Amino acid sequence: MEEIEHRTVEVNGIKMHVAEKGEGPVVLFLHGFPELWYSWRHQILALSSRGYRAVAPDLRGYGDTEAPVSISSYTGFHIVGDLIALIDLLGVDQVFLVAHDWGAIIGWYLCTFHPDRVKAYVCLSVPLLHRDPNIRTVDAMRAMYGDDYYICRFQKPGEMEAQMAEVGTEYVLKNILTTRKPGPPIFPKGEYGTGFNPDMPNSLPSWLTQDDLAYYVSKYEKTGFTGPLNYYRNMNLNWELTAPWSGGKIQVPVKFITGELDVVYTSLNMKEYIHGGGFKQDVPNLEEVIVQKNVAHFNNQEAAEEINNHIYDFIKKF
């Protein structure tokens, strides 16, 4: 923490907050929603101390990174645009890629567009989102879960933001971070209500301190949720624009790790796609899929030591 180097760089026409520490081959960490570079704090410290350069930016729209006003500035191509530029500033041809949640979707795009720039990828929580030629990404989710499914409810501009404002930034972050309930998050109509977690504990689980939460709150109370929400608002547009890669394989070496209670793992027929055969069919060099028992979505924080070592062992093979 105290030794972690923070700085602001210019990549792809925006100003991006970059956190880094260490020397060695680059391990680039991509966080998801609703997080920050801070989410990788344990991995940053860990791989730093084993002869790797830990780099964790705040993604476009997050934290101390610039947040463009237009919804259309948050397609996966913009984000990957930021990251390719960042990878050129670091000065390396290839990186090790570690990603989680939305960061992982971006990471998959990055492996789709520049497999050559990624040595090996440790993917947490979200596996490859297979592109179904027959139906768009959010169309498929609405059809399966209806209009109150969280991602459908994230679509209309300004609406989820207003609902989150009513219950409060702190409640939303605590609500989401502390969730352990499996299955598709379906909201109450017209409000946030209990959102993702109808069972919020009085105390934070032991993997999350009151200071940790306060850092998330400090950033989100200022940036708001619009930038991060705009990523979901480009899911159908991402699907339209990725037609050139329909039916394509990803040859990059991957290690996939999920908590067993992750809403992702336990919705959208992901468990079938992951273990059944579709994931490997799409990702020929997918290695050992790892399910962490009694761990939910935020596994890099909840199972930090296990994750730290799973990352090292996989990257060392190369």
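Numbers for residues come from their place in the sequence shown, where the first is 1.
Chemist: Can you let me know which of the two, 189 to 197 or 104 to 112, has the higher average C-alpha B-factor in the entry?
Modeler: On average, C-alpha B-factors are higher across 189 to 197.
Chemist: Averaging only over Cα atoms, indicate whether 33 to 41 or 47 to 55 has the higher B-factor in the PDB entry.
Modeler: That would be 47 to 55.
Chemist: Checking the entry, which one of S73, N175, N236, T209 has the top C-alpha B factor?
Modeler: Highest C-alpha B-factor among the listed options: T209.
Chemist: Would you mind finding, among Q94, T242, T169, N230, the residue with the largest C-alpha temperature factor in the entry?
Modeler: Reading the PDB entry, the winner on C-alpha B-factor is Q94.
Chemist: Taking only the Cα B-factors deposited for this chain, tell me whether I87 sits in the lowest, middle or highest third.
Modeler: Middle third - that is where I87 ends up once the chain's C-alpha B-factors are sorted.
Chemist: If you rank the chain by CA B-factor, which third does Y62 end up in: lowest, middle or highest?
Modeler: Its C-alpha B-factor, which the entry lists for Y62, ranks in the lowest third among residues of this chain.
Chemist: Looking at the entry's B-factor column for C-alpha atoms only, identify whether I250 ranks in the lowest, middle or highest third of its chain.
Modeler: Highest third - that is where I250 ends up once the chain's C-alpha B-factors are sorted.
Chemist: Check where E221 lands among this chain's C-alpha B-factors and tell me if it's the lowest, middle or highest third.
Modeler: Highest third of the chain for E221's C-alpha B-factor.
Chemist: Please place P157 in the lowest, middle or highest third of its chain by C-alpha B factor as given in the entry.
Modeler: For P157, whose C-alpha B-factor we compare with every modelled residue in the chain, the answer is the lowest third.
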